[PDB]
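Enquirer:
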Amino acid sequence: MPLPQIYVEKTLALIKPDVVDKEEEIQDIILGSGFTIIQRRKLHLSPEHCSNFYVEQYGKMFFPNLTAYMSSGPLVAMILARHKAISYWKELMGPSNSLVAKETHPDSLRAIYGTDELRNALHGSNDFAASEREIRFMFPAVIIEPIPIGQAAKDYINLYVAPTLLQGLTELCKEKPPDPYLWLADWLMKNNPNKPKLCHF
Amino acid sequence: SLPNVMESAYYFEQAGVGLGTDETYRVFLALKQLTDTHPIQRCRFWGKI
Amino acid sequence: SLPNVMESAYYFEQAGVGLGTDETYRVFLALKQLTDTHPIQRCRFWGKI
Amino acid sequence: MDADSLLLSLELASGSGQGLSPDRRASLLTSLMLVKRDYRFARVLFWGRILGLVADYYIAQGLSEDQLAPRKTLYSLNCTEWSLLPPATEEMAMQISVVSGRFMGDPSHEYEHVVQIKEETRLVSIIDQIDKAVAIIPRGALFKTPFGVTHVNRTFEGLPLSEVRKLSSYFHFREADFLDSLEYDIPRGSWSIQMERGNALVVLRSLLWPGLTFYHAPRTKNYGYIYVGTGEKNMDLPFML
Amino acid sequence: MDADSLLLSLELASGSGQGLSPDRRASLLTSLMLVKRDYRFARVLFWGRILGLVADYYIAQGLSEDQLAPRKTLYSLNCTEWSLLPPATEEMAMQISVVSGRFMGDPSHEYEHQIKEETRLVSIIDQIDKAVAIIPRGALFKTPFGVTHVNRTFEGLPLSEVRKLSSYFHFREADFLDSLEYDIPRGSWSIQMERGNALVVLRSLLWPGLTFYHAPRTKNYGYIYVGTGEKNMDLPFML
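So the protein lines, in turn, are chains S, C, F, Z and W. So for the first sequence, UniProt numbering puts the first residue at 5; every next one is plus one. So for the second sequence, UniProt numbering puts the first residue at 310; every next one is plus one. So for the third sequence, UniProt numbering puts the first residue at 310; every next one is plus one. Numbers 1 to 113, 131 to 193, 212 to 276, taken from UniProt numbering, label the letters of the fourth sequence in order. Numbers 1 to 113, 133 to 193, 212 to 276, taken from UniProt numbering, label the letters of the fifth sequence in order.
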């Protein structure tokens, strides 16, 4: 945002399981246009993993056929960085409904590599917050700008982590075991609010 | 019913000519599979295009 | 007189034994110098140690 | 083909099938070590052999530390004794526009233009044309300094498997990214990209100057090229393309 | 040695001369491509050959992402059917010490000194890998994650420190490995060079039959053992 910092935005490029075998030609298109490859993941999207990835669309719209479609084959996910990456990715990608996009935007990716709505050619993020959510769900521990400096991260810890940290540090004082990293790690893996209790046999 | 491709391949290399040893041996193995598949009286290596 | 030690070297690599093609040719050239230097009837490659 | 990795390069296994005898191979290791000795070269590459009509024209090039100068190429007949060729220019290479065909044997053969045209000057100017038009460099092998001195990349990996098939991942080894890409080619499609032994080898066979062979594997460090052919330009190429 | 050195036919050019055949060169190329396919190894190396009496043993090894991990070695007789050898323990290492005799072949062979032939093969393989396996300086980089990776910016060994002998390590658990100057006895390595300074040849003398090629200017290295299958304790009498 300011002068001595910069904003390199990110977007997610999804390669649908019908077109994953033709990946080199579309890779030539997306690399030659100006988009850069950050990291490519060859992932098998589970039916029980696609719903948590698509709580934004599938959670309110009834469409289980696309959920079965994402589990029909491999899925390639990539992170892109470009000057105006969202706008140029929407311009090169074009609008959805590839039966109409074969006639309206004949140079788009969905006009060549796509067949219909549910058997789509690709999938791209629309908003920056949606891009952040998509990247944070699919990809491992990478850093997405902006870093929420100041009171933004303190509120995140104080309403997401620090109640559990206060309850952990309350029981960690009485009694005092030696090497308390064991006790803190066992308390966090045991008294987890977001994860259930585990009992091995 | 094959001819001896290997001495011919040894004589290939003295002219600076041919597939070396590995690629011409895979050629000779494909020739062996072709001779085992079809009733061929003489199955010699014509060459490469 | 030099024996046919290069085709014997191809027989060596067919058996898997040998110094390589260029090293056996190099030994053949050294045997050619040995035959040209001394009045030798038979000068064959005994081997190397 | 580098002089230190002549036996470490798949020459006959490249698919062109125009390689060397053990006689010619051992002669190249000893003689290229000799021309690395008496001619002060940073590295010496075996350029290739011209087949000729009555004798073979073995050609090797040597390079200085500047890595982009015109090459001090060398020639041999019996592949053992090598001597320097004169440097080439455009006016001298213009002189053989009235003659065509293969060239044979000794450099003292006079060609009819009547100005007598030597075999040696035709040979070195044809070497200059094959160097200028074809015998590409791979991507990442030549990185750029701020000065005019170019160094060979010691950290060259340098071609992923997704960029093997592309035309744009090969540049022309010629002083002019760094160099002119292979998509600036006339005609479109004058290079044969071919997959041998799976991903363990690729050949960029030139069709404007056959039988030039470009030598991979990926994950390597060879990074080599070799021209063995009839010697004249394939002007027939857009008809067969 | 990797399959790349199997392409260049570098076993004969090392000078040991027991070597390999284009039969076995093409067979190891296709079959080690299969071994890299079925078992998810990072790198697959043709380990070498164990000399037989009725059949010839062909040995290859596979490695994980950690380069110092216990390898899953494999054996084959007809050079296509690769089968996974079990890992070796010390109990099988001191078991085969009472059997002195040549490697025969036909892996269900039984020794009366019972003791299976496959156990002898596996314990002999672990003995050679623990003793005379060779890694040059800077070939392996100790990552701070705890694993060992191949150093991909490995410039080859210069000619000054080829002959020290302090520039070659072992391919097992211990410049973070143990050098060759502490090997027992001293002078148990045949230090040699090929034509020119193009290849450095190291031959083990505690196990007669392993050869280590090394090109001093490129990233070419690897050990192949083709030989008797015996540890000679006669080596102090030889020197």
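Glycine residues also receive a C-beta, built at the ideal position from the N, C-alpha and C atoms.
What is the DSSP secondary structure of F/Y334, reduced to helix, strand or coil?
Expert: For the purposes of this step, residue 334 of chain F is taken as residue 25 along the third sequence, with counting starting at 1. The answer is helix: DSSP assigns F/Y334 an H, G or I state.
Enquirer: Go through its chain and collect everything with a Cβ distance to C/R351's Cβ below 7 Å, but skip five positions before and after it.
Expert: Start at 1 with the first residue of the second sequence, and residue 351 of chain C comes out as number 42. So the qualifying residues of the chain are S310.
Enquirer: Can you give me the Cβ contacts of W/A69 inside the same chain, cut-off strictly under 7 Å, excluding the 5 residues immediately before and after it?
Expert: For the purposes of this step, residue 69 of chain W is taken as the residue at position 69 of the fifth sequence. The residues are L63.
Enquirer: If I'm right that W/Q67 touches W/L140 with Cβ under 8 Å, what's the distance once you round it to whole angstroms?
Expert: Start at 1 with the first residue of the fifth sequence, and residue 67 of chain W comes out as number 67. Start at 1 with the first residue of the fifth sequence, and residue 140 of chain W comes out as number 121. Their Cβ separation, rounded to whole angstroms, is 24 Å, which puts W/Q67 and W/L140 out of contact at 8 Å.
Enquirer: Can you give me the C-alpha to C-alpha distance between W/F190 and W/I153, rounded to a whole angstrom?
Expert: Taking the fifth sequence and counting its residues from 1, one reaches residue 190 of chain W at position 171. Taking the fifth sequence and counting its residues from 1, one reaches residue 153 of chain W at position 134. Distance between the alpha carbons of W/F190 and W/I153: 6 Å.
Enquirer: What residues from the segment 310–330 of chain F come within 9 Å of chain W, judged by C-beta to C-beta, listed N to C?
Expert: So the close ones are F321, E322, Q323, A324, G325, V326, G327, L328, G329 and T330.
Enquirer: Quick check: is the beta carbon of W/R25 nearer than 8 Å to any beta carbon in chain C?
Expert: Residue 25 of chain W sits at position 25 when you count from the first residue of the fifth sequence. Answer yes: the Cβ-Cβ gap between W/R25 and chain C drops below 8 Å somewhere.
Enquirer: Taking the CB atoms as reference points, tell me whether W/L236 and W/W226 lie closer together than 8 Å.
Expert: On the fifth sequence, position 199 is the one that residue 236 of chain W refers to. On the fifth sequence, position 189 is the one that residue 226 of chain W refers to. Not closer than 8 Å, so no.
Enquirer: Out of curiosity, what's the CA-to-CA distance linking residue 116 of chain Z and S/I33?
Expert: Structure remark: chain Z lacks residues between 113 and 131, so residue 116 of chain Z is without coordinates.
Enquirer: List the residues of chain F that Z/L7 touches, going by C-beta distances under 7 Å, in chain order.
Expert: Taking the fourth sequence and counting its residues from 1, one reaches residue 7 of chain Z at position 7. Result: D331.
Enquirer: How long is the line joining the alpha carbons of Z/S97 and S/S91, rounded to whole angstroms?
Expert: As a position in the fourth sequence, residue 97 of chain Z is number 97, starting the count at 1. As a position in the first sequence, residue 91 of chain S is number 87, starting the count at 1. Those two C-alpha atoms are separated by around 55 Å.
Enquirer: How is the alpha helix (DSSP H) around W/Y58 delimited, first residue to last?
Expert: Residue numbering aside, residue 58 of chain W sits at position 58 when the fifth sequence is read from its first letter. No alpha helix (DSSP H) contains W/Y58, which is instead part of the beta strand (DSSP E) from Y57 to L63.
Enquirer: In the structure shown, what three-state DSSP assignment does Z/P22 receive?
Expert: Residue 22 of chain Z sits at position 22 when you count from the first residue of the fourth sequence. Looking at Z/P22 - three-state DSSP - the assignment turns out to be helix.
Enquirer: Do W/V44 and residue 115 of chain W come within 8 Å of each other at the CB atom, strictly closer than that value?
Expert: For residue 115 of chain W, nothing is modelled; it lies in the interval where chain W passes from 113 to 133 with no residues in between.
Enquirer: Determine the direct distance from the alpha carbon of W/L34 to that of F/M315, and round the result to whole angstroms.
Expert: The sequence position of residue 315 of chain F within the third sequence is 6, counting from 1. The sequence position of residue 34 of chain W within the fifth sequence is 34, counting from 1. Spanning the two alpha carbons is a distance of roughly 34 Å.
Enquirer: Assign W/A252 to buried or exposed, taking buried as 16 or more other Cβ atoms, counted over all protein chains shown, within 10 Å of its Cβ.
Expert: Locating residue 252 of chain W in the fifth sequence gives position 215, counting from the first residue. Counting Cβ neighbours within 10 Å, W/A252 comes out buried, since at least 16 surround it.
Enquirer: I'd like to know whether the C-beta of Z/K183 is nearer than 8 Å to at least one C-beta of chain S.
Expert: By 1-based counting over the fourth sequence, the position of residue 183 of chain Z is 166. Yes, its Cβ sits closer than 8 Å to a Cβ of chain S.
Enquirer: If we call anything under 8 Å between Cβ atoms a contact, is W/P107 one with W/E91?
Expert: Position 107 of the fifth sequence, counting from 1, holds the residue named residue 107 of chain W. Position 91 of the fifth sequence, counting from 1, holds the residue named residue 91 of chain W. No.
Enquirer: Please confirm whether residue 198 of chain W has its beta-carbon closer than 8 Å to some beta-carbon of chain F.
Expert: Missing from the coordinates: residue 198 of chain W, inside the break in chain W from 193 to 212.
Enquirer: Using a cut-off of 8 Å between C-beta atoms, extract the partners of Z/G19 located in chain C.
Expert: The residue given as residue 19 of chain Z occupies position 19 in the fourth sequence. The contacting residues are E322, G325, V326, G327 and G329.
Enquirer: Please tell me whether S/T40 and S/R114 are closer than 8 Å, where the distance is taken between their beta carbons.
Expert: Looking up residue 40 of chain S in the first sequence gives position 36. Looking up residue 114 of chain S in the first sequence gives position 110. No, these two residues do not count as a Cβ contact at 8 Å.
Enquirer: Might you give, ordered along the chain, the residues of its own chain that have their beta carbon closer than 8 Å to the beta carbon of residue 286 of chain W, omitting 5 neighbours on each side?
Expert: Outside the shown range of chain W (1 to 276) lies residue 286 of chain W, about which nothing can therefore be said.
Enquirer: Determine whether the Cβ of W/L63 lies closer than 8 Å to any Cβ atom of chain F.
Expert: For the purposes of this step, residue 63 of chain W is identified with residue 63 of the fifth sequence, where counting begins at 1. No, its Cβ sits nowhere closer than 8 Å to a Cβ of chain F.
Enquirer: In chain order, what are the residue ranges of uninterrupted beta strand (DSSP E) at least 3 long that sit wholly in the segment 17–95 of chain S?
Expert: Those beta strand (DSSP E) runs which fall completely within the segment 17–95 of chain S and span 3+ residues are 40–47 and 79–85.
Enquirer: Going by DSSP, which residues form a beta bridge with W/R240?
Expert: Within the fifth sequence, the letter at position 203 stands for residue 240 of chain W. W/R240 is bridged to W/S227 and W/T248.
Enquirer: In whole angstroms, what is the alpha-carbon distance linking C/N313 and C/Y334?
Expert: For this step, residue 313 of chain C is matched to residue 4 along the second sequence. For this step, residue 334 of chain C is matched to residue 25 along the second sequence. So the alpha carbons of these two residues sit roughly 11 Å apart.
Enquirer: How about W/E90: is its C-beta nearer than 8 Å to some C-beta of chain Z?
Expert: Along the fifth sequence, one-based indexing puts residue 90 of chain W at 90. False, the Cβ-Cβ gap to chain Z never drops below 8 Å.
Enquirer: Return the residue from the list S/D120, S/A145, S/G154 and S/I116 that minimises the CA-CA distance to S/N69.
Expert: Your numbering for residue 69 of chain S matches position 65 in the first sequence. That would be S/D120, whose Cα lies nearest to the Cα of S/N69.
Enquirer: If you measure beta-carbon to beta-carbon, which residues of the segment 341–352 of chain C are closer than 9 Å to chain Z?
Expert: Cβ contacts with chain Z come from no residue of the segment 341–352 of chain C.
Enquirer: Output the boundary residues of the alpha helix (DSSP H) element that contains Z/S76.
Expert: Taking the first residue of the fourth sequence as 1, we reach residue 76 of chain Z at position 76. Careful: Z/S76 lies outside any alpha helix (DSSP H), inside the beta strand (DSSP E) at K72 to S76.
Enquirer: Say whether chain C places a C-beta atom closer than 8 Å to the C-beta of Z/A13.
Expert: Locating residue 13 of chain Z in the fourth sequence gives position 13, counting from the first residue. Cβ-Cβ to chain C under 8 Å: yes for Z/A13.
Enquirer: For W/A235, which residues in chain Z fall below 9 Å Cβ to Cβ?
Expert: Taking the first residue of the fifth sequence as position 1, residue 235 of chain W is located at position 198. Per Cβ cutoff of 9 Å: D4, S5, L7, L8 and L29.
Enquirer: Taking three-plus beta-carbon pairs below 8 Å as touching, is the segment 11–21 of chain Z in contact with the segment 261–276 of chain Z?
Expert: Cβ pair count under 8 Å is three or more, so yes.
Enquirer: If you check the beta carbons only, do W/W47 and W/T89 fall under 8 Å apart?
Expert: On the fifth sequence, position 47 is the one that residue 47 of chain W refers to. On the fifth sequence, position 89 is the one that residue 89 of chain W refers to. No, the pair does not count as a contact, with Cβ atoms beyond the cut-off.
Enquirer: Z/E136 lies in the alpha helix (DSSP H); which residues open and close that run?
Expert: Residue 136 of chain Z sits at position 119 when you count from the first residue of the fourth sequence. Residues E136 to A150.
Enquirer: Say whether chain F places a C-beta atom closer than 8 Å to the C-beta of Z/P177.
Expert: Taking the first residue of the fourth sequence as position 1, residue 177 of chain Z is located at position 160. No, because no Cβ of chain F sits closer than 8 Å to the Cβ of Z/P177.
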